[PDB]
Amino acid sequence: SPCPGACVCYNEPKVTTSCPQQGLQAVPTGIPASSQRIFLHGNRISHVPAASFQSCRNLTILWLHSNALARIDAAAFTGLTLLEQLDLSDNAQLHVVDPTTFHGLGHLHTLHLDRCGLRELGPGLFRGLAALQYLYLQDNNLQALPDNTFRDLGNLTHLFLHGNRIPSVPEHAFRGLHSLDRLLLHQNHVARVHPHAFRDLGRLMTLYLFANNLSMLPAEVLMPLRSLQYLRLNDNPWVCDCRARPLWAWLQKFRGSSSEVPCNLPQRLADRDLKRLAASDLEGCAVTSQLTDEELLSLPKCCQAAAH
Amino acid sequence: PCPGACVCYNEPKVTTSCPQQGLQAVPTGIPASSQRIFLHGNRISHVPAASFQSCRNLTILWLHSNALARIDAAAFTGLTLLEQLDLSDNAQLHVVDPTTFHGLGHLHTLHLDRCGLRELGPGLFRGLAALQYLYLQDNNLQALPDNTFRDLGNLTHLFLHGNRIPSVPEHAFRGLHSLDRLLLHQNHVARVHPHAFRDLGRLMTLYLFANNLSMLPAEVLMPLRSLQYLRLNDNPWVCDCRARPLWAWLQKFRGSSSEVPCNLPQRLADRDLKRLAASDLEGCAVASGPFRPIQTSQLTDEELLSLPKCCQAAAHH
Amino acid sequence: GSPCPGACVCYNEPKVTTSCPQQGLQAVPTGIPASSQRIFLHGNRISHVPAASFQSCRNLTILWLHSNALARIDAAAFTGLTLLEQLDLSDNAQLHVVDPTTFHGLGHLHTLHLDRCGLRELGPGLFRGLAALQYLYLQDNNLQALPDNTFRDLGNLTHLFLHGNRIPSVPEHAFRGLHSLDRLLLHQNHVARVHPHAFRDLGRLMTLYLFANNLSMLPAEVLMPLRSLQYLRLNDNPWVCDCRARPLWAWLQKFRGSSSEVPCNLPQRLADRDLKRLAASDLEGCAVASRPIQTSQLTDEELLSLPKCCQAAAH
Amino acid sequence: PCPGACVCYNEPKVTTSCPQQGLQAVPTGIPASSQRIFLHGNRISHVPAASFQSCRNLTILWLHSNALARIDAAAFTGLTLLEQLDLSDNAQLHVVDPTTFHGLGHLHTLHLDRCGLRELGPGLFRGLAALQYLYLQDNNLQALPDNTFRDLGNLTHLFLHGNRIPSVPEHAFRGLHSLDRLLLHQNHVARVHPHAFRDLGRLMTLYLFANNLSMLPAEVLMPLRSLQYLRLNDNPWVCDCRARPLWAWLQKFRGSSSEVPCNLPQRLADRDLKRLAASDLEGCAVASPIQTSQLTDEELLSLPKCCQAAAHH
Ligand SMILES: *[C@@H]1O[C@H](CO)[C@@H](O)[C@H](O)[C@H]1NC(C)=O
Ligand SMILES: *[C@@H]1O[C@H](CO)[C@@H](O)[C@H](O)[C@H]1NC(C)=O
Ligand SMILES: *[C@@H]1O[C@H](CO)[C@@H](O)[C@H](O)[C@H]1NC(C)=O
Ligand SMILES: *[C@@H]1O[C@H](CO)[C@@H](O)[C@H](O)[C@H]1NC(C)=O
Ligand SMILES: *[C@@H]1O[C@H](CO)[C@@H](O)[C@H](O)[C@H]1NC(C)=O
Ligand SMILES: *[C@@H]1O[C@H](CO)[C@@H](O)[C@H](O)[C@H]1NC(C)=O
Ligand SMILES: *[C@@H]1O[C@H](CO)[C@@H](O)[C@H](O)[C@H]1NC(C)=O
Ligand SMILES: *[C@@H]1O[C@H](CO)[C@@H](O)[C@H](O)[C@H]1NC(C)=O
Ligand SMILES: *[C@@H]1O[C@H](CO)[C@@H](O)[C@H](O)[C@H]1NC(C)=O
Ligand SMILES: *[C@@H]1O[C@H](CO)[C@@H](O)[C@H](O)[C@H]1NC(C)=O
Ligand SMILES: *[C@@H]1O[C@H](CO)[C@@H](O)[C@H](O)[C@H]1NC(C)=O
Ligand SMILES: *[C@@H]1O[C@H](CO)[C@@H](O)[C@H](O)[C@H]1NC(C)=O
Ligand SMILES: [Cl-]
Ligand SMILES: [Cl-]
Ligand SMILES: [Cl-]
Ligand SMILES: [Cl-]
Ligand SMILES: [Cl-]
Ligand SMILES: [Cl-]
Ligand SMILES: [Cl-]
Ligand SMILES: [Cl-]
Ligand SMILES: [Cl-]
Ligand SMILES: [Cl-]
Ligand SMILES: [Cl-]
Ligand SMILES: [Cl-]
Ligand SMILES: [Cl-]
Ligand SMILES: [Cl-]
Ligand SMILES: [Cl-]
Ligand SMILES: [Cl-]
Ligand SMILES: [Cl-]
Ligand SMILES: [Cl-]
Ligand SMILES: [Cl-]
Ligand SMILES: [Cl-]
Ligand SMILES: [Cl-]
Ligand SMILES: [Cl-]
Ligand SMILES: [Cl-]
Ligand SMILES: [Cl-]
Ligand SMILES: [Cl-]
Ligand SMILES: [Cl-]
Ligand SMILES: [Cl-]
Ligand SMILES: [Cl-]
Ligand SMILES: [Cl-]
Ligand SMILES: [Cl-]
Ligand SMILES: [Cl-]
Ligand SMILES: [Cl-]
Ligand SMILES: [Cl-]
Ligand SMILES: [Cl-]
Ligand SMILES: [Cl-]
Ligand SMILES: [Cl-]
Ligand SMILES: [Cl-]
Ligand SMILES: [Cl-]
Ligand SMILES: [Cl-]
Ligand SMILES: [Cl-]
Ligand SMILES: [Cl-]
Ligand SMILES: [Cl-]
Ligand SMILES: [Cl-]
Ligand SMILES: [Cl-]
Ligand SMILES: [Cl-]
Ligand SMILES: [Cl-]
């Protein structure tokens with residue numbers, strides 16, 4: 001019954017404790033235990049200690065974005081077995097989340113972790129979140145997409161990873177994401193997508209890969225994407241020589257929608273859209289042609305053969 | 001001995017035919033060997049259990065356009081050779097007992113349109129594994145519960161237009177793996193659950209026009225691999241970020257579709273979603289709640305929760 | 001109506017019951033309470049069951065009509081009885097025939113007693129749609145055949161009683177559909193042969209009675225689908241212990257379950273020997289029905305109708 | 001820092017051990033890195049959600065032989081690395097909230113015996129796909145609801161003896177396809193549904209002794225293809241017509257079984273059913289001494305089907 005001074009409390013449609021943008025630097029004491037939704041966003045809260053909301057057993061929505069979170073205790077969400085939506089975004093100094101923090105939240109549907117200065121995704125961080133549908137991880141400081149990071153997320157439909165520093169997509173980065181509809185990887189440092197990286201993405205409808213470091217994309221990697229409707233590939237250093245031939249053909253047959261695929265090399269094809277190129281425009285190796293054998297091994301197969 | 005108000009003959013099937021004779025009840029003395037009985041266009045109001053009990057070989061029963069107020073739950077129990085049952089155009093019938101069709105394993109067509117039906121009780125279509133045509137249009141249905149058609153694995157046609165169905169839950173159409181044509185137009189459909197059409201891999205025609213769809217998840221169309229024709233006009237489509245998945249689906253789809261006219265935002269009013277470019281679909285156009293012409297920036301976080309996810313993303317950043 | 005019929009006793013516990021057995025009733029009594037869940041009319045002298053004889057008793061689950069004087073059952077006798085679970089029509093020896101559509105629509109029927117009803121045949125469609133049926137009693141009738149697909153809808157049937165009839169053989173598809181059958185009683189008939197693959201659908205069968213019949217041989221291959229077999233009775237059959245008995249002999253050696261004795265009727269040298277206890281070398285040559293008649297003097301038509309090993313013999 | 005009543009050490013696993021210290025509450029200050037906690041033999045009465053919340057890596061929790069009156073539904077929610085949970089010998093616990101074990105997808109053993117349990121609530125064992133050992137013996141259970149163990153695809157041992165289970169319904173043991181050992185002795189089991197053991201194809205050992213079975217359908221034993229040892233003694237077996245299916249099964253079964261002593265009729269008292277001949281099983285021995293001929297058709301409805309046949313002849 002006693003509502004905290006910084007807060008407004010009401011009962012319909014859900015029991016709500018709302019205290020946003022009140023300059024709070026700590027979670028207010030005396031939050032009604034029957035709260036189903038708690039809005040603490042836009043304050044200056046620095047920490048989330050253990051069991052900060054433990055009495056609110058019926059909590060389904062916890063809003064904590066745009067604070068000054070520097071640390072979240074691994075036991076911060078004790079008691080919140082029914083939590084469905086958790087927004088922790090826009091806390092640029094958070095940097096790290098203990099890998100066990102979200103454990104046991106089997107009702108979680110939405111998790112906002114964007115703009116949290118996250119340096120890495122720890123092992124087990126998203127384990128057990130079988131009901132999760134939306135995962136926001138964009139605009140962090142991620143430098144890797146480790147294998148099996150999303151392995152338990154069989155119900156995930158939306159995965160937002162744009163605006164990090166992801167250098168590549170390993171084979172099993174997206175293992176287990178059989179329900180994924182939308183995958184956004186634009187504005188990273190992706191220089192390559194491993195073969196079979198999209199093996200589990202039979203339901204994917206939308207894939208953004210623009211503003212990355214791709215010089216090539218084997219058509220074979222796109223072949224599991226049988227539900228694909230929309231593909232974005234612009235602003236990549238595409239090399240339109242022999243290595244572009246598979247992607248070129250795939251683009252000709254694909255009935256969905258796609259962006260331009262502008263050539264960056266060779267110079268004679270600069271600013272040409274690959275989709276509009278004739279097959280005979282794709283010749284030789286672009287990369288100076290005589291190289292070290294170790295460097296020759298690092299080039300596409302058609303370049304190694306073009307030397308011969 | 002043929003009833004006075006009737007005409008009886010034996011080929012091609014034993015038939016008792018007495019339509020539009022102003023009959024106040026089912027006539028007595030219908031030949032027990034009857035296979036086809038045409039009693040439509042009369043003034044019959046009840047069908048007790050004993051009415052057709054002697055007609056063991058009955059396969060076709062026509063009772064449409066009568067004055068049916070009631071059908072006994074045991075009216076057809078022993079008549080399991082029944083193949084076609086037309087009970088339509090009896091507007092005051094209002095309700096059919098959920099056990100009325102149990103055991104009719106040879107039934108192929110069931111007409112229940114224009115019967116003022118208020119609801120489909122649990123188990124109404126249970127066990128009808130041979131049913132091919134089901135007419136339920138122009139009734140007073142206000143709900144399409146999960147598993148209503150669970151056993152209709154052989155149904156090819158399902159008519160549901162002209163009711164007041166407000167939404168399609170996830171398992172409303174579970175089990176309909178033979179369905180070819182599904183007509184849901186002229187209802188109040190405001191939303192379709194993303195996996196509502198999971199079993200409709202053979203569906204060729206789908207009507208959803210004249211409803212209340214502000215958006216349709218492209219995900220719900222994805223299982224419709226046999227789809228050839230899709231009707232979507234006369235819905236209040238919102239052509240903002242929420243329309244992006246459907247927009248892409250419409251570009252790739254090789255079958256035929258109606259226009260998808262944008263209702264909001266105003267700058268895109270009467271534009272066709274099919275003809276829009278991706279860049280046209282940016283941001284959020286608030287089409288729900290009180291204070292109806294409103295900017296997303298003016299909405300609390302709590303208010304944003306009722307909007308599409310992509311609207312929430314647009315408002316915050 | 002709600003008052004109890006004169007010849008009856010009515011009570012509510014445990015189920016609403018109308019009980020009028022052995023009252024000398026010649027017809028179904030009027031005024032049986034519509035709320036009846038159970039009706040006992042056995043041991044009277046009821047001569048027929050006309051259309052809708054109990055149609056108001058919508059909650060009826062048990063209808064007892066055995067040991068009456070039924071000469072006819074109207075095809076629509078059981079109108080209204082959608083919830084009927086146990087129907088006992090047994091011991092009406094002058095009934096002779098049931099209209100093939102009489103039980104149609106009785107989807108809750110679990111038990112059906114039709115034994116000792118003088119039944120001359122099982123009409124096409126007689127047991128159609130009885131998906132819940134578990135017990136079917138057909139013993140001590142006058143059945144002269146088991147037509148194909150007679151039981152094809154009886155997927156939940158566990159007990160089938162057919163003894164004391166005049167069934168002459170078991171055709172290939174007689175028992176199609178009986179995937180749940182546990183006990184099959186076929187004794188005291190005239191079974192001269194069991195068609196190969198006749199037991200194809202009886203993988204759950206635990207008990208098979210074939211004694212007091214006219215079997216001269218049983219291919220071991222016909223028993224092979226019976227993976228659940230526990231008990232097999234085969235006595236009182238004119239078993240012929242020649243070359244034709246070799247497969248059954250081998251089967252009996254390996255069989256881990258229980259079986260009766262299998263007494264040899266021919267040849268005379270092995271008369272009344274138990275096939276189970278014979279050595280394989282005791283099984284030789286071919287003994288035709290018949291002084292023993294040689295294969296050598298037989299017609300080719302007759303020869304073709306003998307077991308394969310007999311045809312091979314003397315050839 | 002190790003709590004005064006405890007001993008703490010690192011190898012082989014980080015362990016906090018404080019058993020039999022007369023503790024009335026879970027000690028505060030248990031090291032967060034604890035993988036194993038031994039608090040058995042104390043007098044602990046409550047387990048609030050906060051108790052073990054900081055022990056994120058907790059794998060083994062021993063709480064047996066305490067005074068538990070209550071376990072909070074959120075007591076283990078975040079501790080999803082739990083593999084062994086021993087809550088046994090807390091006779092006043094009586095109820096475990098149906099959500100208590102949700103999300104424990106690494107749980108391998110769960111001890112709930114001697115907890116005075118009155119019921120198993122819906123969803124109590126939901127999602128425990130890793131569970132191998134489940135102890136539920138010596139409680140106060142009066143029913144085994146359908147689908148109680150539906151998700152326990154990896155369960156090998158299930159102990160249910162010493163309860164008051166009156167019957168086994170058709171789908172009580174649905175889902176238990178890895179089950180090796182099932183102990184149901186010392187209950188009140190009067191009947192087992194014919195298809196109750198449908199999913200128990202790997203079952204090797206079945207204890208049904210000290211119950212109230214007057215008969216057991218052979219049909220229920222048929223799917224038990226791996227069965228090796230069956231205990232059936234100390235039941236009031238009726239060796240009349242209703243025993244014929246079990247009689248035959250007993251003749252064919254090549255694993256081991258206890259004696260199956262007849263309780264009725266008097267002429268076969270204390271005889272082993274396994275040793276009887278088929279001719280010894282005839283007619284109906286009515287539980288009362290009442291003749292079969294004297295029985296009304298109404299009364300016969302509550303008897304085995306073969307008794308109805310033996311009565312009417
Ligand atoms: C949660 O909701 C339930 C059901 O309305 C209620 O009984 C319970 O008291 C609530 N819990 C809290 C902590 O308010
Ligand atoms: C995932 O979504 C499906 C519906 O698509 C739902 O039935 C299921 O309960 C959800 N959760 C899990 C763990 O499958
Ligand atoms: C990736 O591309 C950016 C331009 O968008 C460039 O500045 C950067 O050096 C590239 N990095 C690598 C590793 O190629
Ligand atoms: C129904 O059809 C069967 C077979 O054609 C026939 O024997 C019977 O007389 C017909 N009529 C009735 C009322 O059963
Ligand atoms: C469905 O229809 C086909 C022919 O259209 C038929 O062969 C099949 O038996 C029907 N299925 C059922 C379950 O009756
Ligand atoms: C649906 O739209 C029609 C016209 O477009 C309107 O008359 C009706 O009120 C709407 N229904 C709902 C529930 O908003
Ligand atoms: C059958 O039982 C139902 C519910 O017990 C009752 O409402 C109904 O009146 C009964 N029918 C008759 C004919 O008594
Ligand atoms: C047949 O038996 C199965 C197994 O007990 C049961 O689930 C099913 O409901 C039964 N069928 C009918 C029609 O009663
Ligand atoms: C059937 O067996 C009996 C044995 O009592 C025998 O009398 C009868 O002739 C046999 N029937 C045939 C057709 O051989
Ligand atoms: C759990 O173990 C990991 C190492 O696997 C360690 O980094 C972490 O600090 C441990 N957690 C606690 C609360 O001790
Ligand atoms: C079940 O057991 C198998 C074999 O021991 C194992 O591979 C599997 O991981 C187990 N399941 C779980 C959920 O641990
Ligand atoms: C079996 O039931 C009887 C009374 O019905 C009871 O005395 C006996 O203790 C029961 N058996 C067991 C093992 O509890
Ligand atoms: Cl609440
Ligand atoms: Cl804010
Ligand atoms: Cl903290
Ligand atoms: Cl959500
Ligand atoms: Cl993104
Ligand atoms: Cl999408
Ligand atoms: Cl390729
Ligand atoms: Cl792009
Ligand atoms: Cl170009
Ligand atoms: Cl290449
Ligand atoms: Cl070359
Ligand atoms: Cl008309
Ligand atoms: Cl009128
Ligand atoms: Cl009526
Ligand atoms: Cl329609
Ligand atoms: Cl069509
Ligand atoms: Cl979608
Ligand atoms: Cl349209
Ligand atoms: Cl149009
Ligand atoms: Cl506008
Ligand atoms: Cl347009
Ligand atoms: Cl964003
Ligand atoms: Cl009698
Ligand atoms: Cl009659
Ligand atoms: Cl029999
Ligand atoms: Cl049996
Ligand atoms: Cl034959
Ligand atoms: Cl053979
Ligand atoms: Cl025998
Ligand atoms: Cl001889
Ligand atoms: Cl001998
Ligand atoms: Cl042969
Ligand atoms: Cl140590
Ligand atoms: Cl102890
Ligand atoms: Cl351990
Ligand atoms: Cl023990
Ligand atoms: Cl035990
Ligand atoms: Cl049995
Ligand atoms: Cl024992
Ligand atoms: Cl065995
Ligand atoms: Cl066995
Ligand atoms: Cl003995
Ligand atoms: Cl008894
Ligand atoms: Cl009696
Ligand atoms: Cl029995
Ligand atoms: Cl008998």
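Chain A is the first sequence line, chain B the second, and so forth, proteins listed ahead of strands; every chain is numbered from 1.
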| said: I'd like to check B:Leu305 versus B:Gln312 (side-chain heavy atoms, cut-off strictly below 4.5 Å). Are they in contact? | reply: yes

| remark: Taken to the nearest 0.5 Å, the spacing of D:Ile60 CD1 from D:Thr15 OG1 works out to 8.0 Å

| field | Test item: D:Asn139 side-chain N/O and D:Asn163 main-chain N/O as donor-acceptor pair under 3.5 Å | value | no

| task | Please name the pair of heavy atoms, one in D:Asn90 and one in D:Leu68, separated by the smallest distance, quoted to 0.1 Å. | result | OD1-N, 2.9 Å

| Non-neighbouring partners of D:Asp138 that pass side-chain hydrogen bond (donor to acceptor under 3.5 Å, both in side chains), sequence neighbours left out | D:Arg114, D:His161

| field | By ring pair (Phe, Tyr, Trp, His ring centres under 6.0 Å) - contacts of D:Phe101 (at least two apart) | value | none

| Side-chain donor-acceptor pair under 3.5 Å between D:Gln142 and D:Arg164, yes or no? | yes

| message | Test of understanding: with salt bridge (charged side-chain N to carboxylate O under 4.0 Å, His left out), list the residues that count as partners of B:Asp199, not counting sequence neighbours. | response | none

| field | A:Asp152: partners by side-chain hydrogen bond (donor to acceptor under 3.5 Å, both in side chains), with sequence neighbours left out | value | none

| message | Can a donor-acceptor pair be found, under 3.5 Å and without considering hydrogens, that links the side chain of D:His177 to the backbone of D:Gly175? | response | yes

| note | The reported gap from SG in D:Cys55 to CG in D:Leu81 (rounded to nearest 0.5 angstrom) is 12.0 Å

| field | Note, D:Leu200 side chain near D:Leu176 side chain (heavy atom, < 4.5 Å) | value | yes

| Would you say D:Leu23 and D:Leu39 make side-chain contact, with heavy atoms under 4.5 Å? | yes

| field | Side-chain heavy atoms of D:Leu61 within contact of D:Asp86, under 4.5 Å | value | no

| Taking only residues two or more places apart in sequence, or in another chain, which ones meet A:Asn58 in a side-chain hydrogen bond (donor to acceptor under 3.5 Å, both in side chains)? | none

| request: Would you mind reporting whether A:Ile72 and A:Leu88 have side-chain heavy atoms less than 4.5 Å apart? | output: yes

| task | Compare every heavy atom of A:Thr110 with every heavy atom of B:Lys309, then report the nearest pair and how far apart it is. | result | CE-OG1, 3.5 Å

| note | Scanning both residues in full, the closest heavy-atom pair of D:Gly201 with D:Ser226 reads O-OG, 2.7 Å

| request: Taking salt bridge (charged side-chain N to carboxylate O under 4.0 Å, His left out) as the test, write out the residues that go with B:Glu302, two or more places apart. | output: A:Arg37

| field | Heavy-atom pair with the smallest gap, counting every atom of D:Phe197 and D:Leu182 | value | CE2-CD2, 4.2 Å

| field | side-chain hydrogen bond (donor to acceptor under 3.5 Å, both in side chains) partners for A:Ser179, two or more places apart | value | none

| Euclidean distance, D:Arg174 CZ relative to D:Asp146 CG, rounded to 0.5 Å | 7.0 Å

| note | Across all chains, not counting sequence neighbours, the salt bridge (charged side-chain N to carboxylate O under 4.0 Å, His left out) partners of C:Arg204 are D:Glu219

| request: Applying ring pair (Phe, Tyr, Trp, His ring centres under 6.0 Å), name anything that partners B:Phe125, two or more places apart in sequence or on another chain. | output: B:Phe149

| query | Do the non-hydrogen side-chain atoms of D:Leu216 and D:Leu208 ever get within less than 4.5 Å of each other? | reply | yes

| Passes side chain to side chain contact (heavy atoms under 4.5 Å, CB included), D:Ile44 versus D:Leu63? Steps please. | CA-CA 8 Å; D:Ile44 301 177; D:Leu63 279 167; 4.2 Å; yes

| Distance, nearest 0.5 Å, that separates CG of D:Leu110 from CD of D:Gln132 | 12.5 Å

| query | Between D:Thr148 and D:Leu120, what is the shortest heavy-atom contact and its length? | reply | CG2-CD1, 3.8 Å

| task | Kindly assign one of parallel, tilted or perpendicular to the pair D:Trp62 and D:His64, based on the angle between their ring planes and the thresholds 30° and 60°. | result | perpendicular

| task | Look only at the side chain of D:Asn211 and the backbone of D:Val189, and say whether a donor-acceptor pair between them is shorter than 3.5 Å. | result | yes

| field | From CA spacing to verdict: side chain to side chain contact (heavy atoms under 4.5 Å, CB included), D:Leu136, D:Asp113 | value | CA-CA 4 Å; D:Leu136 291 166; D:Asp113 56 288; over 6 Å; no

| request: For A:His109 and A:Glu84, test the side chains for any donor-to-acceptor distance below 3.5 angstrom and give the result as yes or no. | output: no

| said: Before we go on, tell me: are the rings of B:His193 and B:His195 under 6.0 Å apart, centre to centre? | reply: yes

| message | Working note: A:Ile31 + A:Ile38, criterion side chain to side chain contact (heavy atoms under 4.5 Å, CB included); need CA distance, chi angles, decisive distance, verdict. | response | CA-CA 9 Å; A:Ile31 293 173; A:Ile38 292 172; 3.8 Å; yes

| task | Side-chain contact test, heavy atoms from C-beta onward, threshold under 4.5 Å: evaluate it for D:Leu184 versus D:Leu144 and give yes or no. | result | yes

| remark: Across all chains, not counting sequence neighbours, the side-chain contact (heavy atoms from CB on, under 4.5 Å) partners of D:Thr77 are A:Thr81, D:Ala74

| message | With a 4.5 Å cut-off on side-chain heavy atoms, are A:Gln54 and A:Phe77 touching? | response | no

| message | If I take atom OH from residue A:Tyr136 and atom CG from residue A:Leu161, how far apart are they, to the nearest 0.5 angstrom? | response | 12.5 Å

| Sequence-distant partners of D:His171, ring pair (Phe, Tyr, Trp, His ring centres under 6.0 Å), two or more places apart | none

| Does one side chain, of D:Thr156 or D:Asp180, offer a donor that lies under 3.5 Å from an acceptor on the other? | no

| query | For D:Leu107 and D:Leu85, what are the C-alpha separation, side-chain angles and deciding distance, and is it a side chain to side chain contact (heavy atoms under 4.5 Å, CB included)? | reply | CA-CA 8 Å; D:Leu107 194 60; D:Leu85 232 195; 4.0 Å; yes

| Okay, side chain of A:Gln36, backbone of A:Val15: is any donor-acceptor separation there less than 3.5 Å? | yes

| For D:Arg118 and D:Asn140, does a side-chain donor sit closer than 3.5 Å to a side-chain acceptor? | no

| field | Straight-line distance of D:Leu131 CG to D:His106 NE2, nearest 0.5 Å | value | 13.5 Å

| message | Using modelled atom types and a 3.5 Å cut-off, is there a donor and acceptor pairing between side-chain atoms of A:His103 and backbone atoms of A:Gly124? | response | yes

| request: Looking only at non-hydrogen atoms, find the nearest pair between D:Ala75 and D:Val47 and report the distance. | output: CB-O, 3.7 Å

| remark: A:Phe53 meets the ring pair (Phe, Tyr, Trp, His ring centres under 6.0 Å) criterion, sequence neighbours left out, with none

